[PDB]
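Engineer: Pasting a structure here, questions to come.
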Amino acid sequence: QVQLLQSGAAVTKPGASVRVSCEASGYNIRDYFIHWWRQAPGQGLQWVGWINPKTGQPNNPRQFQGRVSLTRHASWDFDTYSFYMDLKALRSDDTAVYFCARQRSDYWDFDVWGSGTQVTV
Amino acid sequence: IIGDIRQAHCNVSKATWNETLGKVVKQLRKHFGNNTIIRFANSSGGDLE
Amino acid sequence: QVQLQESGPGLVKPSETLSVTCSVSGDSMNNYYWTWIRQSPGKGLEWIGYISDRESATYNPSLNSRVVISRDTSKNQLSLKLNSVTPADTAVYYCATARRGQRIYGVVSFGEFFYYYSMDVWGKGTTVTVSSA
Amino acid sequence: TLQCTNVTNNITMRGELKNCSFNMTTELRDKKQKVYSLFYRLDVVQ
Amino acid sequence: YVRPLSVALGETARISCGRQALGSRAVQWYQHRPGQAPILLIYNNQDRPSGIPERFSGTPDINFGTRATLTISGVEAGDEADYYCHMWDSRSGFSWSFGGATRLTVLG
Amino acid sequence: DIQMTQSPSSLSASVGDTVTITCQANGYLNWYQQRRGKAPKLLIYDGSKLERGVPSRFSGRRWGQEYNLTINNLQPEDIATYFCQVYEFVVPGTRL
Ligand SMILES: *[C@@H]1O[C@H](CO)[C@@H](O[C@@H]2O[C@H](CO)[C@@H](O[C@@H]3O[C@H](CO[C@H]4O[C@H](CO[C@H]5O[C@H](CO)[C@@H](O)[C@H](O)[C@@H]5O)[C@@H](O)[C@H](O[C@H]5O[C@H](CO)[C@@H](O)[C@H](O)[C@@H]5O)[C@@H]4O)[C@@H](O)[C@H](O[C@H]4O[C@H](CO)[C@@H](O)[C@H](O)[C@@H]4O[C@H]4O[C@H](CO)[C@@H](O)[C@H](O)[C@@H]4O[C@H]4O[C@H](CO)[C@@H](O)[C@H](O)[C@@H]4O)[C@@H]3O)[C@H](O)[C@H]2NC(C)=O)[C@H](O)[C@H]1NC(C)=O
Ligand SMILES: *[C@@H]1O[C@H](CO)[C@@H](O[C@@H]2O[C@H](CO)[C@@H](O[C@@H]3O[C@H](CO[C@H]4O[C@H](CO)[C@@H](O)[C@H](O)[C@@H]4O)[C@@H](O)[C@H](O[C@H]4O[C@H](CO)[C@@H](O)[C@H](O)[C@@H]4O)[C@@H]3O)[C@H](O)[C@H]2NC(C)=O)[C@H](O)[C@H]1NC(C)=O
Ligand SMILES: *[C@@H]1O[C@H](CO)[C@@H](O[C@@H]2O[C@H](CO)[C@@H](O)[C@H](O)[C@H]2NC(C)=O)[C@H](O)[C@H]1NC(C)=O
Ligand SMILES: *[C@@H]1O[C@H](CO)[C@@H](O[C@@H]2O[C@H](CO)[C@@H](O)[C@H](O)[C@H]2NC(C)=O)[C@H](O)[C@H]1NC(C)=O
Ligand SMILES: *[C@@H]1O[C@H](CO)[C@@H](O)[C@H](O)[C@H]1NC(C)=O
Ligand SMILES: *[C@@H]1O[C@H](CO)[C@@H](O)[C@H](O)[C@H]1NC(C)=O
Ligand SMILES: *[C@@H]1O[C@H](CO)[C@@H](O)[C@H](O)[C@H]1NC(C)=O
Ligand SMILES: *[C@@H]1O[C@H](CO)[C@@H](O)[C@H](O)[C@H]1NC(C)=O
Ligand SMILES: *[C@@H]1O[C@H](CO)[C@@H](O)[C@H](O)[C@H]1NC(C)=O
Ligand SMILES: *[C@@H]1O[C@H](CO)[C@@H](O)[C@H](O)[C@H]1NC(C)=O
């Protein structure tokens with residue numbers, strides 16, 4: 001039942017803005033953080049940041065400040081959410097696939113992931 | 001509103017704030033390196049609360 | 001010490017241009033604002049506009065900007081230009097200065113202040129009459 | 001539904017307070033009164 | 001629209017304009033004889049320029065909730081002029097009109 | 001501070017043996033299995049604790065600052081990429 005829906009792929013130009021969605025349905029969303037991961041073709045994973053679903057406060061590394069803006073949206077009955085990820089100005093080396101993890105406990109257990117959204121520039 | 005239309009604000013002492021923040025950066029270097037650069041930025045987002 | 005003295009044409013036809021020139025001596029135009037004041041018999045004083053130092057001309061919105069003024073340092077003369085004179089200007093003009101006073105009532109950093117203008121020294125002035133003869 | 005107008009004349013914050021008028025229920029529930037109140041910008045949406 | 005006022009010799013003249021202040025004010029009092037140039041009397045509610053004797057005084061803007069009154073200690077027969085009230089307010093925006101004139105008349 | 005080391009860069013051992021990959025890191029450490037073009041899947045967390053849904057042929061243990069992943073009874077569907085994951089630091093894992 002615990003699933004994280006993933007949005008479809010998108011092709012843009014260098015300088016545009018993208019948006020990747022993530023919908024969590026079958027668990028208690030407000031008690032578990034939602035992280036974002038990105039891996040380039042040929043390399044390993046790379047951390048993008050987390051967002052508190054209760055408050056909305058994001059976190060991002062120094063190499064991503066000013067570009068990525070993590071935003072969540074809750075429904076009226078608070079059973080499903082919509083986690084977004086907007087990039088301000090995509091570079092040429094941003095052609096990668098983005099995931100939607102879920103922190104379970106303090107050991108950072110990402111048990112459930114997303115299907116993945118690959119974007120190119 | 002009887003009077004002028006003004007904006008609510010708050011005031012802190014700038015001499016006291018640098019003295020207080022100068023002690024937190026001294027105690028923060030015990031859990032990190034001795035020659036690290038400690039910055040202070042504003043909030044990143046969320047709701048207004 | 002600044003002295004003001006103006007001279008007008010005196011006679012003006014309807015639907016015709018208008019030019020009243022004011023001569024000022026004693027000091028330059030470095031910190032001195034200038035304005036035009038009109039007074040008709042039967043009513044009070046009427047402010048029509050003023051000129052700043054950086055050539056930013058604003059006028060009275062009740063006249064829908066039918067006048068335009070200018071001034072220069074090479075001639076030390078300021079004048080007024082008016083087109084389509086409605087026959088209601090049977091009045092007397094005044095050439096006076098102005099001072100830019102700042103009234104602060106709140107926080108300066110939030111823009112909680114307003115500017116007020118006061119006419120320190122005035123001029124004698126002359127009157128015009130629109131006649132159909 | 002409200003009918004909100006601005007309060008501050010000289011624009012620069014112009015738009016923080018709203019002068020909203022609306023139809024409120026009277027203590028006799030067959031008539032209505034037209035009252036007005038001041039609301040902040042964070043409490044109203046278009 | 002000019003309003004009359006009759007003040008005899010010996011007493012003081014209390015001129016108050018009809019324009020009310022919706023906040024912090026800084027009024028200007030003028031004196032215009034018919035045919036003569038207008039004379040500035042009071043600016044910033046208390047200040048008198050060079051050429052004004054100790055006859056006129058204005059109410060300061062302290063503890064807002066009061067009115068603007070131009071008091072004249074000593075009436076003179078040569079004061080047959082109009083007294084304007086150029087009200088500058090923080091909430092009324094820019095003031096382009098001088099308001100109304102109070103034609104002070106002296107008896108005797 | 002977090003320090004990472006990954007010495008088994010590449011190995012292509014056969015089926016039926018017992019292979020082990022190690023990585024030295026301080027703090028909590030989770031193990032993930034990632035296929036080609038698919039999402040990673042958590043196998044074990046906290047070094048030795050097993051996740052529900054993972055078959056019992058996976059096991060791990062720690063001793064100081066050395067975490068091991070024991071792979072016994074290999075399968076034709078158990079060839080993928082494996083990496084150990086500290087909080088925000090993920091090293092590029094190795095393929096079988
Ligand atoms: C958080 O922090 C922020 C700062 O970051 C705080 O914000 C500040 O907040 C205060 C109030 O909240 C604001 O103040 C008002 O300030 C104005 C301006 O003050 C200045 O200008 C005056 C005039 O300057 C003229 O003279 C100078 C030469 O001196 C000349 O260069 C210039 O061109 C001009 O011609 C100065 O006199 C005045 O000095 C004062 O400062 C001296 C030095 O500190 C001090 O020694 C003096 O004793 C005097 O205090 C200052 O530089 C004030 O004008 C204003 O006062 C008026 O308006 C309110 C409206 O309700 C009224 O109630 C007051 O009574 C006062 O009314 C007077 O002034 C009018 C104009 O002159 C006059 O028309 C009125 O009749 C009235 O006159 C009365 O009383 C005084 C008493 O001494 C008397 O001398 C007069 O003759 C007259 O009778 C307010 O005070 C700040 O602007 C603001 N920003 C800053 C500081 O950057 C905030 O408050 C903090 N919040 C908290 C919670 O802590
Ligand atoms: C934490 O600290 C940072 C940095 O100190 C603050 O950042 C700035 O945030 C403000 C508020 O959003 C930004 O201001 C505005 O920019 C928007 C987008 O920008 C264009 O214009 C700006 C210049 O204003 C350029 O820098 C930028 O590259 C874009 O070209 C505008 O849409 C906004 O317009 C709004 O204001 C106008 C009036 O000016 C209205 O008419 C509009 O309707 C609209 O309301 C505004 O101009 C600012 O650009 C940010 N700077 C940087 C460097 O990022 C954070 O705000 C702060 N956080 C908190 C919570 O305090
Ligand atoms: C209740 O009404 C508010 C007012 O519009 C809705 O809020 C906004 O949602 C739209 C659609 O995403 C955004 O474009 C606006 O920017 C939102 N407004 C604010 C102030 O954030 C809200 O979604 C409505 N509630 C529900 C459950 O739909
Ligand atoms: C309060 O209710 C009255 C009706 O009971 C509203 O008045 C009408 O508003 C419609 C809206 O277009 C107009 O067409 C009518 O001409 C109005 N009738 C009258 C008699 O005014 C009124 O607008 C309501 N108040 C508010 C603030 O909406
Ligand atoms: C705060 O106000 C008190 C008195 O109200 C004053 O003594 C103190 O100096 C003020 N502090 C600041 C930082 O304005
Ligand atoms: C804070 O104020 C003190 C005052 O002595 C100054 O030395 C210091 O550089 C200030 N800090 C910053 C970050 O500006
Ligand atoms: C860091 O600085 C402190 C000063 O209080 C010192 O005691 C400590 O030995 C320093 N650390 C190292 C590794 O030298
Ligand atoms: C109120 O002010 C805001 C900003 O100045 C403007 O966008 C809006 O149209 C104004 N509304 C009215 C009714 O004047
Ligand atoms: C981990 O495995 C290596 C060989 O792959 C072995 O040398 C080492 O002793 C093992 N460590 C533990 C703690 O089992
Ligand atoms: C912090 O977490 C690490 C494991 O990531 C653990 O070894 C350490 O004891 C923890 N610190 C505290 C104070 O609990």
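Residue names in the structure tokens use chain letters A, B, ... in the order shown, residue numbers from 1 in each chain, and ligand numbers from 1 in the order shown.
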For chain B, which residues have at least one atom within 10 Å of chain E, if we go by only C-alpha atoms? Write them as a PyMOL selection string, please.
Structural biologist: chain B and resi 1-5
Engineer: What residues have any atom no more than 9 Å from ligand 3 when counting only C-alpha atoms and all ligand atoms, and can you list them as a list in words?
Structural biologist: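 The neighbouring residues of ligand 3 are, in order, residues 73, 74, 75, 76 and 77 of chain A; 42, 44, 45 and 46 of chain D.
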Engineer: Take the residues from that selection and write them out as a PDB file, in the first residue's frame, keeping N, CA and C atoms.
Structural biologist:
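Final output, saved to again-v1.pdb:
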```pdb
ATOM      1  N   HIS A  73       2.781  19.955  -1.089  1.00  0.00           N
ATOM      2  CA  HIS A  73       1.388  20.378  -1.080  1.00  0.00           C
ATOM      3  C   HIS A  73       0.535  19.257  -0.513  1.00  0.00           C
ATOM      4  N   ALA A  74      -0.330  19.598   0.435  1.00  0.00           N
ATOM      5  CA  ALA A  74      -1.201  18.636   1.089  1.00  0.00           C
ATOM      6  C   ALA A  74      -2.641  18.843   0.641  1.00  0.00           C
ATOM      7  N   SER A  75      -3.400  17.751   0.625  1.00  0.00           N
ATOM      8  CA  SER A  75      -4.805  17.810   0.262  1.00  0.00           C
ATOM      9  C   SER A  75      -5.637  18.270   1.457  1.00  0.00           C
ATOM     10  N   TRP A  76      -6.955  18.341   1.257  1.00  0.00           N
ATOM     11  CA  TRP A  76      -7.839  18.808   2.318  1.00  0.00           C
ATOM     12  C   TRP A  76      -8.007  17.767   3.417  1.00  0.00           C
ATOM     13  N   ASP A  77      -7.948  16.484   3.070  1.00  0.00           N
ATOM     14  CA  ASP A  77      -8.112  15.408   4.038  1.00  0.00           C
ATOM     15  C   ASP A  77      -6.787  14.842   4.534  1.00  0.00           C
TER      16      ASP A  77
ATOM     17  N   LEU D  42      -2.562  39.162   4.834  1.00  0.00           N
ATOM     18  CA  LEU D  42      -2.332  37.741   5.055  1.00  0.00           C
ATOM     19  C   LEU D  42      -3.599  36.986   5.435  1.00  0.00           C
ATOM     20  N   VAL D  44      -6.659  37.613   3.727  1.00  0.00           N
ATOM     21  CA  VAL D  44      -7.595  37.716   2.616  1.00  0.00           C
ATOM     22  C   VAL D  44      -6.941  37.147   1.365  1.00  0.00           C
ATOM     23  N   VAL D  45      -7.755  36.535   0.506  1.00  0.00           N
ATOM     24  CA  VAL D  45      -7.324  36.084  -0.809  1.00  0.00           C
ATOM     25  C   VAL D  45      -8.319  36.605  -1.835  1.00  0.00           C
ATOM     26  N   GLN D  46      -7.876  36.677  -3.086  1.00  0.00           N
ATOM     27  CA  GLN D  46      -8.737  37.130  -4.167  1.00  0.00           C
ATOM     28  C   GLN D  46      -9.515  35.954  -4.742  1.00  0.00           C
TER      29      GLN D  46
END
```
Engineer: Would you list which chain E residues are within 8 Å of chain D using only C-alpha atoms, as an mmCIF file with N, CA, C and O atoms, in the first residue's frame?
Structural biologist:
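File produced: out-v2.cif:
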```cif
data_model
loop_
_atom_site.group_PDB
_atom_site.id
_atom_site.type_symbol
_atom_site.label_atom_id
_atom_site.label_comp_id
_atom_site.auth_asym_id
_atom_site.auth_seq_id
_atom_site.Cartn_x
_atom_site.Cartn_y
_atom_site.Cartn_z
ATOM 1 N N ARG E 91 -1.456 60.955 5.906
ATOM 2 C CA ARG E 91 -2.410 60.035 5.306
ATOM 3 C C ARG E 91 -3.209 60.644 4.164
ATOM 4 O O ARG E 91 -3.822 59.896 3.395
ATOM 5 N N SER E 92 -3.220 61.967 4.030
ATOM 6 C CA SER E 92 -3.960 62.630 2.965
ATOM 7 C C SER E 92 -3.156 62.768 1.680
ATOM 8 O O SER E 92 -3.678 63.300 0.695
ATOM 9 N N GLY E 93 -1.908 62.301 1.662
ATOM 10 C CA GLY E 93 -1.104 62.403 0.462
ATOM 11 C C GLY E 93 -0.629 63.825 0.211
ATOM 12 O O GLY E 93 -0.498 64.645 1.123
ATOM 13 N N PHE E 94 -0.368 64.112 -1.062
ATOM 14 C CA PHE E 94 0.081 65.441 -1.450
ATOM 15 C C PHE E 94 -1.084 66.422 -1.420
ATOM 16 O O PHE E 94 -2.179 66.126 -1.905
#
```
Engineer: Between CA of residue 22 in chain D and atom 3 (C, counted along the ligand's line) of ligand 4, what distance in Å does the model show, to one decimal?
Structural biologist: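 Those two atoms sit 9.1 Å apart.
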Engineer: Would you mind listing the residues within 6 Å of ligand 1, counting only C-alpha atoms and all ligand atoms, as a list in words?
Structural biologist: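 Counting only what the definition allows, namely only C-alpha atoms and all ligand atoms, the set is residues 11 of chain B; 104, 105, 106, 107 and 108 of chain C; 24, 44, 45, 60, 61, 62 and 63 of chain E.
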Engineer: Include N, CA, C and O atoms and write out the residues we just selected as a PDB file, in the first residue's frame.
Structural biologist:
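Once written, again_0.pdb looks like this:
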```pdb
ATOM      1  N   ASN B  11      13.475  45.451  17.640  1.00  0.00           N
ATOM      2  CA  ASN B  11      14.808  46.027  17.735  1.00  0.00           C
ATOM      3  C   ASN B  11      15.677  45.164  18.633  1.00  0.00           C
ATOM      4  O   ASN B  11      15.252  44.771  19.723  1.00  0.00           O
TER       5      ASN B  11
ATOM      6  N   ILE C 104       9.467  63.600   9.519  1.00  0.00           N
ATOM      7  CA  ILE C 104       9.663  62.209   9.909  1.00  0.00           C
ATOM      8  C   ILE C 104       8.774  61.913  11.107  1.00  0.00           C
ATOM      9  O   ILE C 104       8.857  62.596  12.135  1.00  0.00           O
ATOM     10  N   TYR C 105       7.924  60.896  10.979  1.00  0.00           N
ATOM     11  CA  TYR C 105       7.040  60.489  12.059  1.00  0.00           C
ATOM     12  C   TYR C 105       7.231  59.045  12.495  1.00  0.00           C
ATOM     13  O   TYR C 105       6.667  58.652  13.522  1.00  0.00           O
ATOM     14  N   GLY C 106       8.001  58.250  11.759  1.00  0.00           N
ATOM     15  CA  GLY C 106       8.215  56.865  12.122  1.00  0.00           C
ATOM     16  C   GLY C 106       9.621  56.390  11.828  1.00  0.00           C
ATOM     17  O   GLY C 106      10.576  57.164  11.932  1.00  0.00           O
ATOM     18  N   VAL C 107       9.761  55.116  11.464  1.00  0.00           N
ATOM     19  CA  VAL C 107      11.074  54.572  11.142  1.00  0.00           C
ATOM     20  C   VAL C 107      11.525  55.119   9.796  1.00  0.00           C
ATOM     21  O   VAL C 107      10.776  55.088   8.812  1.00  0.00           O
ATOM     22  N   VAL C 108      12.757  55.632   9.751  1.00  0.00           N
ATOM     23  CA  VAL C 108      13.296  56.186   8.515  1.00  0.00           C
ATOM     24  C   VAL C 108      13.540  55.087   7.489  1.00  0.00           C
ATOM     25  O   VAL C 108      13.285  55.279   6.292  1.00  0.00           O
TER      26      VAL C 108
ATOM     27  N   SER E  24      -0.058  62.632  11.844  1.00  0.00           N
ATOM     28  CA  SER E  24       0.953  63.652  12.081  1.00  0.00           C
ATOM     29  C   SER E  24       0.845  64.751  11.031  1.00  0.00           C
ATOM     30  O   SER E  24       0.806  64.473   9.828  1.00  0.00           O
ATOM     31  N   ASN E  44       6.261  74.247  10.044  1.00  0.00           N
ATOM     32  CA  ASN E  44       6.553  73.149  10.977  1.00  0.00           C
ATOM     33  C   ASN E  44       5.932  73.387  12.355  1.00  0.00           C
ATOM     34  O   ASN E  44       6.502  72.991  13.378  1.00  0.00           O
ATOM     35  N   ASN E  45       4.799  74.099  12.374  1.00  0.00           N
ATOM     36  CA  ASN E  45       3.867  74.270  13.492  1.00  0.00           C
ATOM     37  C   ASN E  45       4.393  75.151  14.623  1.00  0.00           C
ATOM     38  O   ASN E  45       3.625  75.536  15.510  1.00  0.00           O
ATOM     39  N   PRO E  60       2.149  73.177  18.530  1.00  0.00           N
ATOM     40  CA  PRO E  60       3.056  72.112  18.090  1.00  0.00           C
ATOM     41  C   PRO E  60       2.323  70.787  17.936  1.00  0.00           C
ATOM     42  O   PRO E  60       1.200  70.598  18.408  1.00  0.00           O
ATOM     43  N   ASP E  61       2.989  69.854  17.255  1.00  0.00           N
ATOM     44  CA  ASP E  61       2.433  68.528  16.989  1.00  0.00           C
ATOM     45  C   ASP E  61       2.984  67.556  18.029  1.00  0.00           C
ATOM     46  O   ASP E  61       3.851  66.727  17.756  1.00  0.00           O
ATOM     47  N   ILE E  62       2.467  67.677  19.250  1.00  0.00           N
ATOM     48  CA  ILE E  62       2.838  66.820  20.370  1.00  0.00           C
ATOM     49  C   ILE E  62       1.553  66.261  20.965  1.00  0.00           C
ATOM     50  O   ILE E  62       0.622  67.027  21.246  1.00  0.00           O
ATOM     51  N   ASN E  63       1.505  64.936  21.157  1.00  0.00           N
ATOM     52  CA  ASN E  63       0.315  64.219  21.631  1.00  0.00           C
ATOM     53  C   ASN E  63      -0.882  64.494  20.715  1.00  0.00           C
ATOM     54  O   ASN E  63      -1.808  65.235  21.054  1.00  0.00           O
TER      55      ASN E  63
END
```
Engineer: Ligand 5: which residues are within 9 Å, counting only C-alpha atoms and all ligand atoms? Reply as a list in words.
Structural biologist: residues 10, 11, 12, 13, 14 and 16 of chain B
Engineer: Please save N, CA and C atoms of the selected residues as a tab-separated table (two decimals), in the first residue's frame.
Structural biologist:
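Output file part11.tsv follows:
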```tsv
chain	number	residue	atom	x	y	z
B	10	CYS	N	10.75	45.06	15.34
B	10	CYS	CA	11.46	44.67	16.54
B	10	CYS	C	12.88	45.22	16.47
B	11	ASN	N	13.47	45.45	17.64
B	11	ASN	CA	14.81	46.03	17.74
B	11	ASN	C	15.68	45.16	18.63
B	12	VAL	N	16.89	44.87	18.17
B	12	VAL	CA	17.91	44.23	18.99
B	12	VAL	C	19.18	45.08	18.91
B	13	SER	N	20.01	44.97	19.94
B	13	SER	CA	21.25	45.73	19.99
B	13	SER	C	22.28	45.08	19.07
B	14	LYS	N	22.83	45.88	18.15
B	14	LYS	CA	23.80	45.34	17.20
B	14	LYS	C	25.14	45.05	17.87
B	16	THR	N	25.39	44.01	21.03
B	16	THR	CA	25.16	42.81	21.83
B	16	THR	C	25.00	41.57	20.96
```
Engineer: Identify every residue of chain B that has at least one atom within 10 Å of any atom of chain F, counting only C-alpha atoms, and report the result as number ranges by chain.
Structural biologist: B: 31-33
Engineer: Could you report the residues within 9 Å of ligand 7, using only C-alpha atoms and all ligand atoms, as a PyMOL selection string?
Structural biologist: chain B and resi 29-30+33-35
Engineer: If you keep N, CA, C and O atoms, can you produce a file of those selected residues as a PDB file, in the first residue's frame?
Structural biologist:
```pdb
ATOM      1  N   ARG B  29      32.940  25.480  17.159  1.00  0.00           N
ATOM      2  CA  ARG B  29      34.183  24.925  16.642  1.00  0.00           C
ATOM      3  C   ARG B  29      34.715  23.768  17.478  1.00  0.00           C
ATOM      4  O   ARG B  29      35.758  23.205  17.128  1.00  0.00           O
ATOM      5  N   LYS B  30      34.040  23.405  18.569  1.00  0.00           N
ATOM      6  CA  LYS B  30      34.456  22.243  19.343  1.00  0.00           C
ATOM      7  C   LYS B  30      33.972  20.943  18.715  1.00  0.00           C
ATOM      8  O   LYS B  30      34.653  19.917  18.822  1.00  0.00           O
ATOM      9  N   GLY B  33      36.029  21.394  12.943  1.00  0.00           N
ATOM     10  CA  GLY B  33      37.431  21.752  12.888  1.00  0.00           C
ATOM     11  C   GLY B  33      37.724  23.089  13.545  1.00  0.00           C
ATOM     12  O   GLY B  33      36.841  23.900  13.822  1.00  0.00           O
ATOM     13  N   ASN B  34      39.013  23.313  13.808  1.00  0.00           N
ATOM     14  CA  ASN B  34      39.437  24.564  14.426  1.00  0.00           C
ATOM     15  C   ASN B  34      39.490  25.717  13.434  1.00  0.00           C
ATOM     16  O   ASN B  34      39.251  26.866  13.818  1.00  0.00           O
ATOM     17  N   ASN B  35      39.799  25.442  12.172  1.00  0.00           N
ATOM     18  CA  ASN B  35      39.980  26.477  11.161  1.00  0.00           C
ATOM     19  C   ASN B  35      38.903  26.392  10.087  1.00  0.00           C
ATOM     20  O   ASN B  35      39.168  26.585   8.899  1.00  0.00           O
TER      21      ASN B  35
END
```
Engineer: Pick out the closest residue to chain A from this set: F:66, F:96, F:7, F:42. Count only C-alpha atoms.
Structural biologist: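 Of F:66, F:96, F:7, F:42, the one nearest chain A, counting only C-alpha atoms, is F:42.
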